[PDB]
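Working notes, beginning with the structure itself.
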Amino acid sequence: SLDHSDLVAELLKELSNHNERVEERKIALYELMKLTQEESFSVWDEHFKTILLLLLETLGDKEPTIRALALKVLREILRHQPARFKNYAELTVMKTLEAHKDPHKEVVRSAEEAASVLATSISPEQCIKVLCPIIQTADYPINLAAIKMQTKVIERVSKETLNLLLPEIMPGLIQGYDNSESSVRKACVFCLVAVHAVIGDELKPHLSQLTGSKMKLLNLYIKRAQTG
Amino acid sequence: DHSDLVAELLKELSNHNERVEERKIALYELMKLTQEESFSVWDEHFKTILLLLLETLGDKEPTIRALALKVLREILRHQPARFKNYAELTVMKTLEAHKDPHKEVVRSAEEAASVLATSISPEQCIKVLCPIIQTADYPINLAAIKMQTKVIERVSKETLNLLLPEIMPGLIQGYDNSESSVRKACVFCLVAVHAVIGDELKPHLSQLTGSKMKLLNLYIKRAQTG
Amino acid sequence: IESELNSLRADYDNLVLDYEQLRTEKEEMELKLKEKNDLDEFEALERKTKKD
Amino acid sequence: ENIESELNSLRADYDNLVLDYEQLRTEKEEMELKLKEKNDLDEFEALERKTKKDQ
């Protein structure tokens, strides 16, 4: 039906058919996406948590097209209702980061887009504190995805705030610079470029644990970022 | 009289770093002689042309270097039996071109090293590539490993066994290389060695870890399904 | 010749459309290749600093 | 006579388009080989990670 309250019940009823009824659930997800674009006041005031939790379980569906679609819907709820994810930051981050290791390109691509909007929708100081333990303990490619997100989020905190968070940010960044994967090391270099861009030379004491060749490589990308 | 024209080619192509367009014509002229039945030229002037074409690989002009590699590729596949006494020199110079900053030179150098795998004697090529593989840095060690994979396919199973004590050290060593492309090139070389000698390869792989043995058997299985 | 002209124009018009399909395919691979370039440039800069 | 000139110009332009397409077809095939090598390499790096986890 078209009645907002009746429609949500039907959407929650249809999308509860996990692993079955693929086309009926795709229609419900496309319908759910339209409600997100409408800025519907009545739908989101009462059913955000219910929709989010059902949408997050959908990311674990056996169907790759169902997963990739829920990641596009999640991207819409993230940038249309960003203030509602306050109490679900860790859950939304860690579920979106797990989608980054799906075997299907269409699923990871849609998750990389959701993780891009997630950097500006989750509170920036709150987003850093979720990403730090993930960065320091996760395996490839989730640690790579979390570092890329932290780079986007570090650009949004003031210089006074970023210095206070450096004792917690720098451990994962120095650790990822020693990572076996070159893509992780570059994301750390580019993250340190963002940290240097904010606090300038004040970052220098934090890099004491860097080798000379990594310090030289890092200074190279700071200069390259400033030259253009 | 082919020789009088060659004298003009040898005179022009000795002008390194100068007369760029005139040497491009001269190098293109040398390439036409390669396609022709000009075997009278090569009986007397091969060494002179090879050394002048190899010295040209150190030219400041990237288009002159990339062109000399194009002419050399033709002399390799039109006069392959003549490189017996110049294998190591031609291999080591062609491998050095693989680290040129300009794509046009490395791309043209990858092609010369491709013809070189089938033009140089395969038994001689393996014995040249082994010390290079074991001691060279990226990407020359990577380039030399790819070449040996193409060359190993051309020796008999009886001949390959004699070269295994000399082939396997660089292959096990390159499996521990920091570069993933070098580790992958070694697996594909071991897949080519396994494809020839079968289960006889097992004692040589004793120094491999379980995870590398598993990865290698994984690519051995993948090679058989084709 | 007039009949020959009409047939040749069709082949030229058909090749233009076919050429567009190849240009769009090649330009997409460039977009995909561009992702690799910034990463492989980093790896090459690492080797150069380690050599020094 | 003007029909002859129209054919004459179109035939030349068609040969130029043929040459441009042939040059582009060889250019596109290089990008395929480069993409395929990178893809098989990233698969190798991914297969390497799985063997380390299981060992």
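Residue numbers start at 1 in each chain; chains themselves are named A, B, ... in the order of the structure tokens; ligands are numbered from 1 in the order shown.
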
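The residues of chain D lying at most 10 Å from chain A, with only C-alpha atoms taken into account, are residues 45, 46 and 49 of chain D.
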
**Prompt:** Could you list, as a ChimeraX atom specification, every residue of chain C that has an atom within 8 Å of an atom of chain D, counting only C-alpha atoms?
**Reply:** /C:1-2,5,8-9,12,15-16,19,22-23,25-26,29-30,33

**Request:** Determine which residues of chain B DSSP labels as alpha helix (DSSP H) from the backbone of this structure, then write them out as a count of residues only.
**Result:** 169

**Request:** Within 9 Å of residue 52 in chain B, counting only C-alpha atoms, which residues show up once you throw out same-chain ones fewer than 6 positions away? Write them as number ranges by chain, please.
**Result:** B: 10, 13-14

**Message:** I need the residue nearest chain D from this list: B:122, B:107, B:149, B:93. Use only C-alpha atoms for the distance.
**Reply:**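 Under the stated criterion, the closest residue is B:107.
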
Please, which residues of chain B lie no more than 12 Å from chain A when the count uses only C-alpha atoms, and can they be set out as a PDB file with N, CA and C atoms, in the first residue's frame?
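What follows is the written file out-v9.pdb:
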ATOM      1  N   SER B 178      61.026 -10.044  -1.885  1.00  0.00           N
ATOM      2  CA  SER B 178      60.095  -9.071  -1.320  1.00  0.00           C
ATOM      3  C   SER B 178      59.005  -8.685  -2.313  1.00  0.00           C
ATOM      4  N   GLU B 179      59.301  -8.734  -3.610  1.00  0.00           N
ATOM      5  CA  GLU B 179      58.356  -8.312  -4.635  1.00  0.00           C
ATOM      6  C   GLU B 179      57.414  -9.460  -4.972  1.00  0.00           C
ATOM      7  N   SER B 180      56.111  -9.169  -4.982  1.00  0.00           N
ATOM      8  CA  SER B 180      55.125 -10.209  -5.257  1.00  0.00           C
ATOM      9  C   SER B 180      55.161 -10.650  -6.714  1.00  0.00           C
TER      10      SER B 180
END

Would you tabulate, counting only C-alpha atoms, all residues of chain C that have an atom at most 12 Å from an atom of chain B, showing the closest pair of atoms and their distance in Å to one decimal, sorted by chain then ascending number, as JSON lines?
{"residue": "C:40", "atom": "CA", "partner": "B:181", "partner_atom": "CA", "distance": 11.8}
{"residue": "C:41", "atom": "CA", "partner": "B:101", "partner_atom": "CA", "distance": 11.8}
{"residue": "C:43", "atom": "CA", "partner": "B:179", "partner_atom": "CA", "distance": 9.6}
{"residue": "C:44", "atom": "CA", "partner": "B:138", "partner_atom": "CA", "distance": 10.0}
{"residue": "C:46", "atom": "CA", "partner": "B:179", "partner_atom": "CA", "distance": 11.5}
{"residue": "C:47", "atom": "CA", "partner": "B:138", "partner_atom": "CA", "distance": 8.8}
{"residue": "C:48", "atom": "CA", "partner": "B:138", "partner_atom": "CA", "distance": 10.8}
{"residue": "C:51", "atom": "CA", "partner": "B:137", "partner_atom": "CA", "distance": 10.2}

Print the selection's residues with N, CA, C and O atoms to a file, as a PDB file, in the first residue's frame.
ATOM      1  N   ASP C  40      51.391   1.747  -8.171  1.00  0.00           N
ATOM      2  CA  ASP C  40      52.681   1.266  -8.658  1.00  0.00           C
ATOM      3  C   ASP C  40      53.754   2.347  -8.615  1.00  0.00           C
ATOM      4  O   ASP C  40      54.941   2.032  -8.474  1.00  0.00           O
ATOM      5  N   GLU C  41      53.365   3.618  -8.735  1.00  0.00           N
ATOM      6  CA  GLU C  41      54.329   4.698  -8.555  1.00  0.00           C
ATOM      7  C   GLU C  41      54.842   4.731  -7.121  1.00  0.00           C
ATOM      8  O   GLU C  41      56.031   4.981  -6.884  1.00  0.00           O
ATOM      9  N   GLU C  43      55.078   2.118  -5.040  1.00  0.00           N
ATOM     10  CA  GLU C  43      55.975   0.980  -4.865  1.00  0.00           C
ATOM     11  C   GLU C  43      57.341   1.234  -5.490  1.00  0.00           C
ATOM     12  O   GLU C  43      58.360   0.772  -4.964  1.00  0.00           O
ATOM     13  N   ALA C  44      57.384   1.959  -6.609  1.00  0.00           N
ATOM     14  CA  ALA C  44      58.663   2.274  -7.234  1.00  0.00           C
ATOM     15  C   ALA C  44      59.437   3.298  -6.415  1.00  0.00           C
ATOM     16  O   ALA C  44      60.667   3.223  -6.319  1.00  0.00           O
ATOM     17  N   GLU C  46      59.312   3.518  -3.211  1.00  0.00           N
ATOM     18  CA  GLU C  46      59.836   2.793  -2.057  1.00  0.00           C
ATOM     19  C   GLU C  46      61.167   2.130  -2.388  1.00  0.00           C
ATOM     20  O   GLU C  46      62.117   2.187  -1.598  1.00  0.00           O
ATOM     21  N   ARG C  47      61.247   1.479  -3.551  1.00  0.00           N
ATOM     22  CA  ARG C  47      62.481   0.807  -3.941  1.00  0.00           C
ATOM     23  C   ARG C  47      63.622   1.802  -4.111  1.00  0.00           C
ATOM     24  O   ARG C  47      64.769   1.509  -3.757  1.00  0.00           O
ATOM     25  N   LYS C  48      63.325   2.986  -4.655  1.00  0.00           N
ATOM     26  CA  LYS C  48      64.370   3.979  -4.875  1.00  0.00           C
ATOM     27  C   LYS C  48      64.910   4.518  -3.555  1.00  0.00           C
ATOM     28  O   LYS C  48      66.121   4.722  -3.412  1.00  0.00           O
ATOM     29  N   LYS C  51      67.094   1.773  -1.974  1.00  0.00           N
ATOM     30  CA  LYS C  51      68.407   1.720  -2.609  1.00  0.00           C
ATOM     31  C   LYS C  51      69.334   2.789  -2.042  1.00  0.00           C
ATOM     32  O   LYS C  51      70.519   2.528  -1.799  1.00  0.00           O
TER      33      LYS C  51
END

**Request:** For residue 198 in chain B, please output as a PyMOL selection string all residues within 10 Å (counting only C-alpha atoms; exclusion window: fewer than 6 positions along the same chain).
**Result:** chain B and resi 157+191-192

**Message:** I need the chain A residues near chain C as a PyMOL selection string; criterion: at most 10 Å, counting only C-alpha atoms.
**Reply:** chain A and resi 182-183+185-187+189+212-218+220-221

**Request:** Up to 10 Å from chain D, what residues of chain B turn up? Count only C-alpha atoms and give them as a PyMOL selection string.
**Result:** chain B and resi 180-181+183-185+187+209-216+218-219

**Request:** Do a neighbour search on residue 1 in chain A at 12 Å with only C-alpha atoms, toss out local chain neighbours closer than 6 positions, and write the hits as an MDAnalysis selection string.
**Result:** chainID A and resid 7:11 28 31

**Prompt:** Which value, in Å to one decimal, gives the distance between CA of residue 65 in chain B and CA of residue 88 in chain B?
**Reply:** 19.5 Å

**Message:** Neighbouring residues of residue 197 in chain B were defined as those with any atom within 10 Å, considering only C-alpha atoms; residues of the same chain fewer than 3 positions away were excluded. Please report them as a PyMOL selection string.
**Reply:** chain B and resi 156-158+160-161+192-194+200-202

Put those residues in a file: N, CA and C atoms, as a compact mmCIF listing (two decimals), in the first residue's frame.
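Generated output (again22.txt):
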# COMPACT_ATOMS: atom_id res chain seq x y z
N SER B 156 64.51 -30.72 -23.49
CA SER B 156 63.91 -32.02 -23.19
C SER B 156 63.88 -32.26 -21.68
N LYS B 157 63.09 -33.26 -21.29
CA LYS B 157 63.01 -33.62 -19.88
C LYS B 157 64.33 -34.19 -19.37
N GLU B 158 65.08 -34.87 -20.23
CA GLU B 158 66.39 -35.38 -19.84
C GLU B 158 67.39 -34.25 -19.66
N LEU B 160 66.62 -31.09 -18.95
CA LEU B 160 66.20 -30.22 -17.86
C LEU B 160 66.69 -30.75 -16.51
N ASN B 161 66.75 -32.07 -16.36
CA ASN B 161 67.22 -32.65 -15.10
C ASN B 161 68.66 -32.27 -14.82
N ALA B 192 56.03 -24.58 -14.93
CA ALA B 192 56.59 -25.06 -16.19
C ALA B 192 57.57 -26.20 -15.96
N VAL B 193 58.32 -26.16 -14.86
CA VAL B 193 59.24 -27.25 -14.55
C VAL B 193 58.46 -28.50 -14.13
N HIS B 194 57.39 -28.32 -13.35
CA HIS B 194 56.57 -29.46 -12.97
C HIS B 194 55.89 -30.08 -14.18
N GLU B 200 59.14 -35.86 -10.23
CA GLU B 200 60.58 -35.85 -9.98
C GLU B 200 61.05 -34.53 -9.38
N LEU B 201 60.24 -33.47 -9.47
CA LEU B 201 60.58 -32.17 -8.91
C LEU B 201 60.52 -32.15 -7.38
N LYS B 202 59.83 -33.11 -6.76
CA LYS B 202 59.56 -33.06 -5.32
C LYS B 202 60.80 -32.88 -4.44

**Request:** Would you mind reading off the distance between CA of residue 199 in chain A and CA of residue 160 in chain A, one decimal, in Å?
**Result:**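 Going from CA of residue 199 in chain A over to CA of residue 160 in chain A, I get 8.7 Å.
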
**Message:** Show me, as a list in words, the residues that have an atom within 10 Å of residue 170 in chain B when counting only C-alpha atoms, minus same-chain residues fewer than 6 positions from it.
**Reply:** residues 129, 130, 131, 132, 133, 134, 135, 141, 145 and 186 of chain B

**Request:** Just give me the gap between CA of residue 152 in chain B and CA of residue 118 in chain B in Å, one decimal is fine.
**Result:**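 Between CA of residue 152 in chain B and CA of residue 118 in chain B the gap works out to 10.4 Å.
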